[PDB]
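Take a look at the structure set out below.
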Amino acid sequence: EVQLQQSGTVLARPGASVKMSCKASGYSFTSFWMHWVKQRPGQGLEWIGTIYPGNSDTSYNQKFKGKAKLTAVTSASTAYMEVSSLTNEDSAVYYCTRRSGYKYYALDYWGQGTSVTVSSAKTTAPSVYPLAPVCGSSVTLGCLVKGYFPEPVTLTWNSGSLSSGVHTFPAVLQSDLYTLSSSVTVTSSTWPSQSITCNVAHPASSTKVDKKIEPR
Amino acid sequence: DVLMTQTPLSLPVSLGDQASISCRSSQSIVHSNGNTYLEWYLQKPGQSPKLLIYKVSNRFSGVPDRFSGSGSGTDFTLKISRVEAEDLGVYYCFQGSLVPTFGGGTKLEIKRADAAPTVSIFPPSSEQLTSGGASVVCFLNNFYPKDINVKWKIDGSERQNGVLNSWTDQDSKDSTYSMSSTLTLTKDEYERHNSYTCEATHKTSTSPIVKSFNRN
DNA sequence: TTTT
Ligand code: NI
């Protein structure tokens with residue numbers, strides 16, 4: 001049973017360096033080429049380079065030469081990759097994957113990936129603002145979670161009682177800070193008759209806010 | 001250098017239908033030893049890429065016989081005889097020799113009937129205005145196809161600066177898409193104007209779908 | 001045979 005255990009999520013600052021690991025198990029680590037793949041958020045897969053643990057031979061994508069550095073501690077059966085001069089374009093999920101020898105001659109085993117986030121922003125708690133209809137047997141309500149860092153936040157409606165008709169839109173970076181929104185659609189005999197509350201939790205700032213949606 | 005072109009970029013099909021994705025190298029990728037090292041990978045969201053086909057037409061162990069690959073020299077193809085729900089994700093062709101290079105990927109999604117968006121506009125919250133901010137939010141829910149354009153108008157004049165959009169992935173139940181468009185201004189700027197308009201242009205409508213409000 |  002071949003496994004490639006990668007290191008955890010990393011939060012880094014611009015210009016810094018990040019050294020990530022990939023522990024290989026279940027096979028002769030030295031006998032196979034270890035490949036590294038990059039995937040910027042929402043983009044495709046890019047090949048960075050490879051290393052042959054046995055003799056430490058490395059090959060790089062011209063683009064990542066003098067940017068990424070592949071090494072290995074054959075003793076620890078672990079491969080490492082260090083990305084220096086970190087910029088916003090270095091934020092991505094990086095995978096390590098083994099290239100099989102006989103039979104398949106392909107990348108048969110992959111790691112789970114290491115998400116790296118390069119930002120100079122400091123932990124900032126979110127501003128949760130209730131979105132009520134303008135002053136139709138259905139009413140659409142919303143909740144705006146603006147200006148936080150880092151991901152993630154968890155947004156629920158009525159503590160999770162309201163699961164149907166909800167659309168939580170993925171967060172977006174608006175100048176180093178994230179913004180997220182969510183909409184819930186209920187019948188007109190539910191609101192404002194009954195109470196509808198938006199719950200937001202931002203772990204990194206130990207924040208837990210509840211926002212009741214009140215009519216205008 | 002070898003360029004790998006994948007077509008189509010997006011591929012909507014009903015479950016049960018056949019699927020065929022194409023991959024083209026800018027030049028022959030045949031190795032000197034005579035073997036073509038072309039592979040196909042499937043990446044389900046939030047998951048690592050998994051090996052499907054190796055050496056142009058060979059199926060990796062455990063891959064369903066629905067999957068078959070072919071092609072020669074410059075043009076390669078992955079055919080799926082009957083699309084299952086478990087086949088949805090992004091497909092990448094990979095060139096495993098010389099300089100390993102991935103293709104841009106083809107996203108396999110579900111085809112459904114057209115659906116016009118339900119637009120909802122929301123004025124800035126009192127809590128947000130109290131802090132000198134003014135975010136006008138517009139939700140465009142449950143539409144299909146995913147192609148849509150949103151134009152913001154202030155007092156009739158179009159506004160491009162300050163807009164932030166976000167799209168959800170294809171709805172897991174009804175296969176529709178939703179998006180959020182937020183227009184951020186300052187309380188001052190917001191108060192210097194009266195009418196706010198969010199209009200959408202979608203194929204399910206000859207005229208634009210509009211939602212406006214007068215802050216007075 | 002792959003990592004030329
Ligand atoms: Ni070229």
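These numbers come from the heavy atoms of this one structure, side chains and all, not from hydrogens, waters or symmetry mates. Chain letters run A, B, ... following the sequence lines, proteins first and then strands; every chain starts at 1. Atoms within each ligand, like the ligands themselves, are counted from 1 in listed order.
Applying the salt bridge (charged side-chain N to carboxylate O under 4.0 Å, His left out) rule to B:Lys44 yields no partners; only residues at least two apart in sequence or on another chain are considered. Under the rule for a side chain to side chain contact (heavy atoms under 4.5 Å, CB included), the partners of B:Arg82 that lie at least two apart in sequence or sit in another chain are B:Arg66, B:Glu84.
Excluding waters, the set of protein N, O or S atoms lying under 2.8 Å from the Ni ion (ligand 1) comprises B:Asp1 N, B:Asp1 O, B:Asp1 OD1.
The aromatic rings of B:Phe102 and B:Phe94 lie tilted to each other, with the angle between the two planes from 30° to 60°.
Pairs engaging residues 50-96 of chain B under the disulfide bond (SG atoms under 2.5 Å apart) rule: B:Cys23-B:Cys93 [sequence neighbours left out].
For the pair B:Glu199 and B:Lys153, the salt-bridge criterion is met [side-chain N within less than 4.0 Å of a carboxylate O].
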Salt bridge (charged side-chain N to carboxylate O under 4.0 Å, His left out) between B:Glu127 and A:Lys211, intermediate numbers included: CA-CA 11 Å; B:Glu127 301 187 41; A:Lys211 204 64 62 175; 3.5 Å; yes

